[PDB]
Every structure is written in structure tokens, then in C-alpha cells.
Amino acid sequence: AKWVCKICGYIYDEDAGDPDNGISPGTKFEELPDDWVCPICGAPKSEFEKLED
Ligand SMILES: [Fe+3]
Numbered sequence: 001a002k003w004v005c006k007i008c009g010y011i012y013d014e015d016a017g018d019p020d021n022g023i024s025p026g027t028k029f030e031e032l033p034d035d036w037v038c039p040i041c042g043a044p045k046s047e048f049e050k051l052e053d
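For the sequence shown, the deposited numbering gives the first residue as 1, with consecutive numbering after it.
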């Protein structure tokens, strides 16, 4: 699934993970660390919204 950072527009794609920041591919948004932030603007996880209907 994909989740968008409502602050900058970054898209956390579970399939891609965030390797740069210690998150391998396939890591579900809910399994990210409570301390994980957007790699682009630093917004907390709370500012992400899943892309679903
Ligand atoms: Fe962001």
C-alpha cells in the first residue's frame, strides 16, 4: 500500500520501503518505527494518509 505525507507530498510506498533510512522493501507503514519520519520533510508518521478509497 502507499501512504502520502500530507506535509510535502512524499509517498511512502510499502513495496519500496525507505532503505536510506534503515527501512527495507516490503515494510508496512504500521511496522515503521514510532520514531520514523518522512525522509523528505521530517514530518511524523501522524501526518501520513493511506491512499485508498
Ligand atoms: Fe514529508
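Ideal placement from N, C-alpha and C gives every residue a C-beta, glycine not left out.
Three-state secondary structure assigned by DSSP to residue i
i, result
"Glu49", "strand"
"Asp20", "helix"
With 16 other Cβ atoms within 10 Å as the buried cut-off, status of residue i
i, result
"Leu51", "exposed"
Whole-angstrom distance between residue j and residue i, CA atom to CA atom
i, j, result
"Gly22", "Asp53", "29 Å"
"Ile7", "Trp36", "15 Å"
"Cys41", "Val4", "12 Å"
"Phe29", "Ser46", "11 Å"
"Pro44", "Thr27", "17 Å"
Whole-angstrom C-beta distance between residue j and residue i, which should lie under 8 Å
i, j, result
"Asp15", "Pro39", "Contact flag wrong, Cβ pair sits at about 15 Å."
"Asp13", "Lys2", "5 Å"
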